[PDB]
Each structure stands twice: as C-alpha cells, then as structure tokens.
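J.: Sequence first, structure after; it's an experimental one.
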There are 6 protein chains.
Amino acid sequence: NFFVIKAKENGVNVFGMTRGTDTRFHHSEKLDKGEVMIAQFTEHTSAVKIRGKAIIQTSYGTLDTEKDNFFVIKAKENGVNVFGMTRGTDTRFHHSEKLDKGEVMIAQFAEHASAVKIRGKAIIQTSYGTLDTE
Amino acid sequence: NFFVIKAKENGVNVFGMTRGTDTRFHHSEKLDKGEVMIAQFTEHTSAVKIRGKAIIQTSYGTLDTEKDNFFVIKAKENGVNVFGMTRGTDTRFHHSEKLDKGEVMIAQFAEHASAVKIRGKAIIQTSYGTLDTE
Amino acid sequence: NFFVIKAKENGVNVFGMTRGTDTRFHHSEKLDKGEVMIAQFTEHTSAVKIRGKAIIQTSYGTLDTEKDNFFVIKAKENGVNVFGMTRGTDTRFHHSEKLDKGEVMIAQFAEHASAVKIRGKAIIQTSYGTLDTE
Amino acid sequence: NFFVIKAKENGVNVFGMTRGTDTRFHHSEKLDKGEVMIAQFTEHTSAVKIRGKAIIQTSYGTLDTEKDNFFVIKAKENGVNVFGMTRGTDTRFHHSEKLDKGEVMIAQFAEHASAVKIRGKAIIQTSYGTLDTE
Amino acid sequence: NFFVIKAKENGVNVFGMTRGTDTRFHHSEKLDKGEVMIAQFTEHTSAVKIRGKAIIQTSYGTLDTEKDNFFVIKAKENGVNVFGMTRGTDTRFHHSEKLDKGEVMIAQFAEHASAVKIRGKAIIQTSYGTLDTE
Amino acid sequence: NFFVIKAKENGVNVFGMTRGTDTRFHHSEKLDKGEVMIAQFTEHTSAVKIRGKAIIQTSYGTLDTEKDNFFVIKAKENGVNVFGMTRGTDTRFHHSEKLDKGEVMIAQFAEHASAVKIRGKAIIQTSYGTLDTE
Ligand SMILES: N[C@@H](Cc1c[nH]c2ccccc12)C(=O)O
Ligand SMILES: N[C@@H](Cc1c[nH]c2ccccc12)C(=O)O
Ligand SMILES: N[C@@H](Cc1c[nH]c2ccccc12)C(=O)O
Ligand SMILES: N[C@@H](Cc1c[nH]c2ccccc12)C(=O)O
Ligand SMILES: N[C@@H](Cc1c[nH]c2ccccc12)C(=O)O
Ligand SMILES: N[C@@H](Cc1c[nH]c2ccccc12)C(=O)O
C-alpha cells in the first residue's frame, strides 16, 4: 500500500528505514508548509518516521499529529519506544526507535521481522480499529 | 493474519508454540501494564497462549479476559483443556494444553493438525460467531 | 472450510468418511454434554456424519438437531438415504448412507463424485438458501 | 457452479449433455415427488435439460416451472428452440434443442461454443437480471 | 464478460469484428422480433456492432436503442465515428467505424489497441457511470 | 485502470509520458469541444497531462478543471510542480513537470519511480479521499 503526508508547517521531516536485518534511517527529506508527499513501500524501504505538524492519510483513516499489512504508531508523550522480534527460532530484541511527542511511525511486517513490541504512551492504528495505550 | 495484545496490568505473559508435530512453548515474553504487542503467525509459530488481565483484538472482534483460518479459546473457569487431531489416516490425540481461568489461546490449522477438541467451560470465537460452552 | 460441533447431551458421536472411490466411515469420536469440536476438511476426509442432540455452525448458518463448496443434510424423519454419482462418463450409483431422524451429514464435492441424490424427508442447507423436502 | 433440483411430482426427468463439438443427451435420470438432486458441471457435462413440475435454485435465483458463467432457459410455451454458435472463425449453426412448455435448460459457455441464439417464448435468467421474450 | 441482445423488431442485425491489427466485420447475423441472443468475447472477436430497435443488457446497465474491461457506444445522431490508438510507441489512427443514429457498439481493450477516440453525438457507458457527449 | 476525458471546449490537449527512467512527453493529441477520449495505461505510457476545460472521470470520482494504484493532480494556481523519487537505494530528484492553473496530471507508480513530491497549490485525488493543499 501507499501513504500520503501533508505538511501543516515548515520543518516537517520524513525518514526512510531500510528493509533488512537492521533498522536504521538512511535518507531524510524536508517538507515545507502546505506541501504534500505520496510514497509507496518498496524493496529497499519497509518503514518511515514522521516528526512535526502534519496530516497523514491511510486506509485505516486520516491521522493528525496536532490532535491530543502495516501498522501506525503515534507518540502521545515523550519516552515512546518500539522493539521488533526476529523471525524464526531466534529470540533477539535488537530494534530501538524512540518517538518523541507528536512523531509518527509506519512500518510493514517483513521476513526479517514480523512481530513488534511498543513502549510508552502512544496511539496505534490497525485494520481492526484504533487503540490507545492509556 | 496478525493479532494485538494490550496489557491492563503488570505480570501479563505471552507464549509462542512451535509449528510442527509436537505442541510445546519454547519462548515467553513479559508485558507491563499499559504496554501493547503486535505479532503475526510465522513458519516457526502457529499458536500462542495468554495469561493475565489483557485486551486482545482480532478480526472476529475485541476480547477482554476480565469480562465474566484460526480460532480463539478463552477459559471461563479452571479445568479447560484442548486436544488436537493429527492430519491424515492417523488417529492420535497427543495434545494437552490446560488453560486456567482468564487465560486465552490462539492457534492456526496447520498441516500437522487441522482439527481440535476442547474441554471444560470456555468461550470460543470464530469467523461465524461467538460460542459459549455453557 | 471448517465446521463447529457443540454437544447438547452425552452420547453425541461424529464420524469421518474417507475421500476416495468408496464412502465408508473409518474413524469415530465421542463428545460429552457441553463439549465443542472444530474440524476442517482434509485430503483424507471429505464428509462427516453426526447423530444426537448437538449444535452445528456453518457459513450457511447455525443448525440444531433438536428443532423439528459443500452441503448439509438433516434428517427430518427416519428412512433418509443419499446417493452419489460418479464423475465423468461413468453412470454408477454406488453410495448408500442412511440417516436416522435427528442425524446430520456434511460432505464436499470431490473429484471422485460431484453430484448427489437424496431420499426421504430432510432439510438441506446450501449457499443459496434453506430447502425443505416437505 | 452447481445447481439444485427439487421434484414437485413424479415423472420429473433430468438429462446430461456432453461437453464437446456436438450437443446430445447421453444420460437420463428419474426423480420422484419430493426428491431433491444436487449436481455440478464437470468436464464431461456442460448443460442439462429439465422437464416436469420441479423447483430449481441457482445463484440468479429460485425458479419454478409451474409458474406462468451460465444461463437458464425456461420455455413459456411450445416451439422454443435454441442454437449455439461455434467459437473462432467458424460460422456454423449446428445445435437444435427444442424445449416444450414447462421445460428448463441450463448450459455453460465452453471452448467449442460460447454464443447462443434462442427462439420462441421463454424466460431467461442471467447474472444481470431476468428477461422475458414477450 | 458476456452481453445479451433482445430484438424489439425484425431487421435487427449484429456484427462481429476480429481481434487483431485491423478492425473489420467478418460475420453478420439476423434477429427477428422477440428473439434474444447471448454471446461472449473470444479470442477471434473483441467488438461488435448493433443496428435497429433492440434491448441490450450489460454489467453497466440495460440499454435500449429506441430511447432518445469494455465500453459501449450508442449513437445519438448521425455522423458518429470512433478511432482507436495503437499500443506502444506507435502513433497511428487507423480505425474508422461510423455509427448511424440508433446503432450501438461494444468493444474490448486488446493488445493491439487499448485507447479509443470518439466523434459526434453519442452516449457512453462505463464502469464509472453514464456519459453524454451533449 | 483506464480514464475518460471529455472536452468542454476546443483547444483541449492531452500528452502521453513514457514509462522509464526519464519522464518526458512524446505524443500529443487534440480534442474538440464535445469530444470524448478513453485510454488505458500501457507498458509504454505511465502518466498523462491535461490542459484546458475538460471533464475527467476516474474511480476516485469525476473531476472538472473549471471548478475553483494511481493519483491525480489538479493545479489550483500557477507555479505547481511535481518531483519523483527513484526506487531503491538511489536518492535523486530528477523529475520536473510544471502544471499551470486548470491543468491536470495522472500518473502510476512504476518500477523506476514509486514516490512523488508535489509543490504549489493543487488538488489531489486518491483512493482514500480528496486532499487540498490549501
Ligand atoms: N521469533 C518469533 C517471534 C514471534 C512470532 N509469533 C510470536 C507470538 C508470540 C511471541 C513471539 C512471536 C518468530 O518466528 O517470528
Ligand atoms: N485425522 C483426521 C482428523 C479429521 C479431519 N476431519 C475430521 C472430521 C471428523 C473427525 C475427525 C476429522 C485428518 O485427516 O485430519
Ligand atoms: N456422471 C455424471 C453426473 C453428473 C454431472 N453433472 C450432472 C448433471 C445432471 C445429471 C447428472 C450429472 C458426472 O460426470 O459427474
Ligand atoms: N463464431 C463466433 C461467434 C461469436 C463470438 N462472439 C460474437 C459476438 C457477436 C456475434 C457472434 C459472435 C466465435 O468465434 O465464437
Ligand atoms: N500509443 C499509445 C496510446 C496511449 C496510451 N495511453 C495514452 C494516453 C494518452 C494518449 C495516448 C495514449 C499506447 O502505447 O497505447
Ligand atoms: N528511493 C526510495 C524512495 C522512497 C521509498 N519509500 C520512501 C519513504 C520515504 C521517503 C522516501 C522513500 C525508494 O526507491 O524506495
């Protein structure tokens, strides 16, 4: 699937994380107020990160950061962290992406990892419905 | 498909059972109050077990343990047991997983077993509807 | 697809009939009052038989025996019989399964047979709707 | 797909026509009052003919003869005839099946023929809707 | 998909145009008042033409000529013409089929051509909706 | 999928852009007032451009230029520009198509590029909904 980002201010940044064993951001793009971006998940990229005031549209619904198979994480407060579990018999926990208040994350279940653990106060969007940690 | 677990208290534990001839738990993870976990069925794992106060969301619906193709078993009282039948001409009965009151189980129909027998008082969720043993 | 059986009394029995040229029951299982069973059609088995007071859930709907692609046969009275036609140019009639009052049958259209003839007073469930012989 | 026939009287007969270059009936079966038959289209058979008082259920709907991809033809009066066109560059017209009042026909679009011409007064059922020649 | 033609008068004619580089009519059939024809698009034929008072049923809806992936063209007045564009880098315009008032055309997007230009006053039916040139 | 263009005036022009590494217009066609065109995306072409008063119909809805997987861009004012990101590890920005007020653009996500950036004031149509930059 594909997602849409609209910038409500200047300073909105988006990051692309590689599909593979490790989860780090390799590219970053800057959006100005009123600009809109459309992107699709590809072989290289399986997840993205969003920071700043912006509007996000997805099949699950439309999400705004100012308000107070794939999944979406929105950080309600500071200290939000997410971990990913390795596929197969392996039992490692090596993924550490911290989301500050107002930031948003989107990721897909790939071969290298198809199970995720989430920490802190955040809002989760899924095909079933919307979930609030608090 | 994939499922979501939300912890309403500390002490919530989840177990992963291997896909194969035998059904035993090999890994266990601990969730704190307010944490949320998302996982998908993979080649290694075909079923899971849940104990403690937690909220579970599935395509069939949202299930809570505090209230008093794949299937979900919720133990209404103690003494709940489940058995699985072997595929093909074989007629063995070698699966014994006991669920205490408040515990929940989720499993998929795999090649090694695609028929299940359930004992005791429990609540069953399926694509057709919700069933109560009592 | 898969079906669900719930036992309203003790003495409920279920039979599994082999997928192949001949239609005979090779395995039988016993259910106690309040127990529930879930099974899926496999390579070995293409049809089943049910006797006694029980509740059956299917995509077509939920069926109870006490009330007075695949198909379901419920025997309204004694003397219910079913015959199956052989696939291809062959014109044999070699299937004889008699259903007593209250018994239920479920079968799938397989390569060896994809056409069925029914005798006696019975209730038929199909993807189109419910049919009564009387 | 598959169809269902229910007999409202004795003397109801059904015919099976072969899938191939020529369209003739090779087998015939007799149904008694209150009996029901279920059959599926196979490699050998691509069409059938029905005569007498009977009830027919199909995805398009339920049809009764007493009332006054595949298609269904019901003869409103005597003199109903149907012709089939050969696939490809050929322009022959060699199919002649006459339907008397009350008779019903069902056929599938096969490789040897995927275009049909109909004569006389008849009622036609299709995935789009019901059509009356008069 | 397949379409249905019903003749409201005598003199109704239907034409079949070949699937290939060139678009000419090779076969023609005559329908009498009250007759009905059903045909499916095949390898040889990708489009048809209809003239005279007739009733046409399609997934988009039912169309009548007397009223004053594939597409349907109905000529509202005389002088209606249609052109087809060649697939790939080629930029030819070699298709000229003129439709008189009351005539109807149906065609499919094939490998040799998947883009069409229409002239004159006509009514167009598509999966999205009905369009009127005027 | 395919799209439909209807011309509300003379002077309406449509352009076809090649599927490949570079995005330039190779062919151009002229439409007169009241004419209608239907075209489908092919191997050669993955996007188009529209200028002038015209009516466009798409699965997302019907769009008119006079009003004041694939996506549609409508330029609300002058200065609208769009950029496309290269698939894979590459991080180039080499696409520059400027849309004047009233012009419309349609494009598909291809192998060479599946992520787009948009500038200026424009109206965006997607399977999720309609988005306005302002
Ligand atoms: N390492 C496991 C992770 C996993 C899958 N399903 C689970 C259910 C519960 C806990 C862990 C898991 C895997 O093969 O993907
Ligand atoms: N051993 C059987 C189990 C089974 C399948 N379908 C059934 C129906 C009824 C009872 C048992 C079964 C198998 O091949 O899977
Ligand atoms: N012996 C036939 C039975 C059959 C199939 N379709 C039918 C329709 C009507 C009557 C009989 C049949 C076969 O090849 O399966
Ligand atoms: N002989 C033609 C018959 C046919 C197919 N499609 C048609 C549409 C209209 C008229 C005739 C036809 C064929 O190849 O099958
Ligand atoms: N010759 C072009 C025709 C075409 C396709 N899409 C278009 C869009 C606009 C104009 C022309 C076209 C092709 O490869 O099919
Ligand atoms: N070059 C990247 C572009 C991209 C894909 N997904 C993204 C998400 C955010 C930013 C850029 C991207 C690619 O080919 O996939």
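T.: Looks like it arrived, so ask away. Numbers count the residues shown, from 1 in each chain, chains lettered A, B, ... in the order given. Ligands and ions are numbered 1, 2, ... in the order given.
J.: which strand residues sit across from the most centrally placed residue in chain A in the sheet?
T.: The centroid of chain A falls nearest to residue A:105 when counting by CA atoms, centre = their mean (1.4 Å). Note on residue A:105: beta-bridge partners by DSSP bridges are residue A:49, residue A:73.
J.: Stretch A:53-69 and ligand 1, any residue contact?
T.: No - Stretch A:53-69 does not reach ligand 1 (CB under 6 Å from any ligand atom); its nearest approach is 13.7 Å. All C-beta spots, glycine's among them, are computed from the backbone N, C-alpha and C.
J.: chain center to that stretch, what's the gap?
T.: On the basis of CA atoms, centre = their mean, to the nearest Å, stretch A:53-69 sits 11 Å off its chain's mean C-alpha point.
J.: and it, anywhere near ligand 6?
T.: No - judged by CB under 6 Å from any ligand atom, stretch A:53-69 and ligand 6 are separated, with a smallest distance of 12.3 Å.
J.: Look at that stretch and report the distance between its end residues.
T.: Using CA to CA, to the nearest Å, one end of stretch A:53-69 lies 26 Å from the other.
J.: Wait, residue A:131 touches residue A:122, no?
T.: No - using CB atoms under 8 Å, residue A:131 is not in contact with residue A:122; the gap is 9.2 Å.
J.: just to revisit the earlier point, the residue nearest to the centre of chain A contacts residue A:81, correct?
T.: No - counting by CB under 8 Å, residue A:105 does not reach residue A:81; the two are 10.7 Å apart.
J.: what touches both of the two?
T.: A:97, A:99 (CB atoms under 8 Å, 6 or more residues apart in numbering or on different chains).
J.: Pick out the residue in chain A sitting closest to ligand 5.
T.: Using CB to the nearest ligand atom, the single residue of chain A nearest to ligand 5 is residue A:38, 20.9 Å away.
J.: That residue: neighbour count?
T.: Number of residues near residue A:38 (other CB atoms under 10 Å in any protein chain shown) recorded here: 25.
J.: do the same with residue A:82
T.: 23.
J.: residues contacting it?
T.: Neighbouring residues of residue A:82 by CB under 8 Å, 6+ apart: A:73, A:95, A:97, A:99, A:105, A:116-119.
J.: Tell me what it is bridged to.
T.: residue A:97, residue A:118.
J.: Please apply the same query to residue A:61.
T.: Here residue A:61, judged by DSSP bridges, has bridge partners residue A:58.
J.: In the beta-sheet assignment, what are the partners of the closest residue in space to residue A:92 that isn't next to it in sequence?
T.: Using CB to CB, 6 or more residues apart in numbering or on different chains and skipping residues adjacent in sequence, the residue nearest residue A:92 is residue A:86, 4.9 Å away. Counting by DSSP bridges, residue A:86 is bridged to residue A:113.
J.: hmm, back to that, in JSON lines: the contacts of residue A:82, plus distance to residue E:14.
T.: JSON lines is the format used below for the contacts of residue A:82 (distance: CB to CB, whole Å):
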{"residue": "A:73", "distance to residue E:14": "60"}
{"residue": "A:95", "distance to residue E:14": "65"}
{"residue": "A:97", "distance to residue E:14": "64"}
{"residue": "A:99", "distance to residue E:14": "65"}
{"residue": "A:105", "distance to residue E:14": "59"}
{"residue": "A:116", "distance to residue E:14": "60"}
{"residue": "A:117", "distance to residue E:14": "65"}
{"residue": "A:118", "distance to residue E:14": "63"}
{"residue": "A:119", "distance to residue E:14": "69"}
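J.: Now list the buried members of the residues you listed.
T.: Buried members of those, counted by 16 or more other CB atoms under 10 Å in any protein chain shown: A:73, A:95, A:97, A:99, A:105, A:116-119.
J.: what about the nearest residue to residue A:71 once chain neighbours are set aside, how many neighbours?
T.: Residue nearest to residue A:71 in three dimensions, not counting chain neighbours: residue A:126, with 5.6 Å by CB to CB, 6+ apart. Using other CB under 10 Å, residue A:126 has 17 other residues around it.
J.: Please apply the same query to residue A:47.
T.: For residue A:47, the count of nearby residues is 24 (other CB under 10 Å).
J.: Residue A:87 and residue B:40 touch, don't they?
T.: No - Residue A:87 lies out of contact with residue B:40 (CB under 8 Å); the separation is 9.2 Å.
J.: which residues are common contacts for the two?
T.: With CB under 8 Å, 6+ apart as the test, residue A:87 and residue B:40 both reach A:114-115.
J.: which among the buried ones among the contacts of residue A:82 gets closest to ligand 6?
T.: Closest approach between the buried ones among the contacts of residue A:82 and ligand 6, by CB to the nearest ligand atom: residue A:105, at 12.0 Å.
J.: List the contacts of that closest one.
T.: Neighbour list for residue A:105: A:47-50, A:72-74, A:82, A:97, A:99 [criterion: CB under 8 Å, 6+ apart].
J.: Adding distance to residue B:16, write these out as JSON lines.
T.: Below are the contacts of residue A:105 laid out as JSON lines (distance: CB to CB, whole Å):
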{"residue": "A:47", "distance to residue B:16": "23"}
{"residue": "A:48", "distance to residue B:16": "28"}
{"residue": "A:49", "distance to residue B:16": "28"}
{"residue": "A:50", "distance to residue B:16": "31"}
{"residue": "A:72", "distance to residue B:16": "25"}
{"residue": "A:73", "distance to residue B:16": "22"}
{"residue": "A:74", "distance to residue B:16": "28"}
{"residue": "A:82", "distance to residue B:16": "19"}
{"residue": "A:97", "distance to residue B:16": "23"}
{"residue": "A:99", "distance to residue B:16": "26"}
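J.: Among the residues you listed, which one sits closest to residue E:3?
T.: residue A:72 (44.6 Å; CB to CB).
J.: any idea how far residue B:102 is from the spatially closest residue to the closest one that is not a sequence neighbour?
T.: Spatial nearest neighbour of residue A:72, excluding adjacent residues (CB to CB, 6+ apart): residue A:125 at 4.1 Å. Distance of residue A:125 to residue B:102, computed by CB to CB, to the nearest Å: 28 Å.
J.: next one: residue A:59
T.: 34 Å.
J.: list the contacts for the residue lying farthest from the centre of chain A?
T.: Ranked by distance from the centre of chain A (CA atoms, centre = their mean), the top residue is residue A:89, with 26.1 Å. The contact partners of residue A:89, by CB under 8 Å, 6+ apart, come to B:26, B:44.
J.: For residue A:22, see how far away it is.
T.: 19 Å.
J.: Same question for residue A:107.
T.: 14 Å.
J.: same check, this time on residue A:14
T.: Counting by CB to CB, the gap from residue A:14 to residue A:22 is 20 Å.
J.: Neighbour count: the two, which is higher?
T.: Legend: neighbour count by other CB under 10 Å for residue A:14 and residue A:22, higher for residue A:14 (22 against 9).
J.: what about the closest residue to the more buried one other than its chain neighbours, neighbour count?
T.: Nearest non-adjacent residue to residue A:14, counting by CB to CB, 6+ apart: residue A:29, 5.2 Å away. By other CB under 10 Å, 18 other residues sit near residue A:29.
J.: hmm, who's touching the strand or helix carrying residue A:29?
T.: Using DSSP states H and E, residue A:29 falls within strand A:25-31. Counting contacts by CB under 8 Å, 6+ apart, the residues outside strand A:25-31 that touch it are A:5, A:7, A:11-18, A:37, A:49, A:54, F:89, F:91, F:117.
J.: and that strand, which strands flank it?
T.: Counting by DSSP bridges, strand A:25-31 is paired with strand A:12-18 (antiparallel).
J.: May I see the buried residues of the strand it pairs with?
T.: By neighbour count on 16+ other CB under 10 Å, the buried set for strand A:12-18 is A:12, A:14-18.
J.: what's near enough to touch the closest residue to residue A:47 other than its chain neighbours?
T.: Closest residue to residue A:47 apart from its sequence neighbours, by CB to CB, 6+ apart: residue A:107 at 3.4 Å. Taking CB under 8 Å, 6+ apart, we find residue A:107 in contact with A:17, A:46-48, A:70-71, A:73, A:116.
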